[PDB]
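Shown below, as C-alpha cells, is a lone chain in the form deposited in one PDB entry; questions about how it binds or moves come after it.
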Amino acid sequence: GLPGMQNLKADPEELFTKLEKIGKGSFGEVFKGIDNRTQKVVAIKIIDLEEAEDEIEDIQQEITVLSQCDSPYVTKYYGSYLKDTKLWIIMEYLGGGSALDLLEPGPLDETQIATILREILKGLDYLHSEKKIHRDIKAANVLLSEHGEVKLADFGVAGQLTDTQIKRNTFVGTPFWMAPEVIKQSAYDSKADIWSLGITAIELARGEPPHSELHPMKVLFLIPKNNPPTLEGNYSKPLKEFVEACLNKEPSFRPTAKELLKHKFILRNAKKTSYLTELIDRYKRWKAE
C-alpha cells in the first residue's frame, strides 16, 4: 500500500489546477499547480504507471521515505492521486527553484555558500538521525522557497538503515557526486552523503562538480582510484578545509553532519536564510534579461 494514496474516486484534475512544467525528477515530470480548495501553489509530480514498472518499487520507496519525513528541511508530501494510468504526487512548492538554477546568473559569495551548506547540513542531520541516507545530494536537489528557506528534494534513490541492515551497498546516485565506496559498492552509510556534500560545496563555489567535462563512465574508475578532489581557486581556507573534511576516501575520517554545523567555515560565514531572497531576485532579474 502506497502512503498518502487518496480515494481513487478523487479526481486530481478537479482538485488541482495543473500549470506549467517546472522540471524532471529521477522519476516523473514536475509541474507547478494550484490546490483548488486552498488556492495554494503546489508542486505536482506526474508519473505514467503504464510506461513504468521496474521503477514502480522505486516510486513507492520515494513516497514512503517522503511520508516518513517531518522536517522544515525536507520537501513536504501532501498525498497521491490516481487519474487513469497517471499518478499525481502532490508536493510542497518551493518558489525559488534549485540552488543549481540560482547559479545561472553568476557565482555565489561565501556567505551564500555557507548559508546554503548550513541548511543542507540541517537536512542531512535530520535524515541521518532517522537512519535515512539521501544518496543524491547535489545543487539540483537543493530547493529554495520564496522566503529563502532551503530544503532537500528528490528522494528517488534514498535508502533506509535498520537494525538488521546497518549498511547499504546499492549503486545509486549521480556519478559526479557519488562517494568512492558507493561506486565500488562497498558497504556504506550516511557518510556517503557527507562526500556528496563535499562535491556539492565545490559545485556551489565553482558552478560545476569535479570532472564535469568528462564522460560519466570515466568517473567510475577515476573517483575510486584518484586522490579526492580539492577546491581550487581563490576561496577562503575555511571553505577549502570544509571541502577537504567531506572529501576523504576513508568514510570514518569524514565528520558527521552534526559536527559540520560547527565547522569554522559555517560559523564564520553563514547568515540568516532570509538574505537568500537576494539570490532569488538576482535570478528573476537575470532571466527577465
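All residue numbers are counted from 1 along the displayed sequence. The term rigid core refers to the most C-alpha atoms you can superpose between the two forms while keeping them within 1.5 Å.
Of the two segments examined, 62-70 and 260-268, it is 62-70 that shows the higher average Cα temperature factor in the deposited entry.
Relative to one another, 186-194 and 159-167 have unequal mean CA B-factors, and 159-167 is the one with the higher figure. Of the candidates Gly148, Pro216, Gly95, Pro210, it is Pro216 whose Cα B-factor is highest according to the PDB record. Ranking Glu119, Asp136, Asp125, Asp84 by Cα temperature factor from the entry places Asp84 first. Ranked within its chain, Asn234 lands in the lowest third, by CA B factor from the PDB record. Annotation for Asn248: C-alpha temperature factor in the lowest third relative to the rest of the modelled chain, per the entry.
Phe31: CA B factor in the middle third of modelled residues in this chain (values from the PDB entry).
Per-chain ranking of the deposited C-alpha B factor places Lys225 in the highest third.
In the deposited entry, the Cα temperature factor of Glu203 sits in the bottom third of values across the chain's modelled residues.
Just so you know, the form deposited in another entry exists too; it's not on screen, but the next bit is about it.
The two forms, fitted on the rigid core, differ between the shown form and the other one by less than 2 Å at the CA of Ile266.
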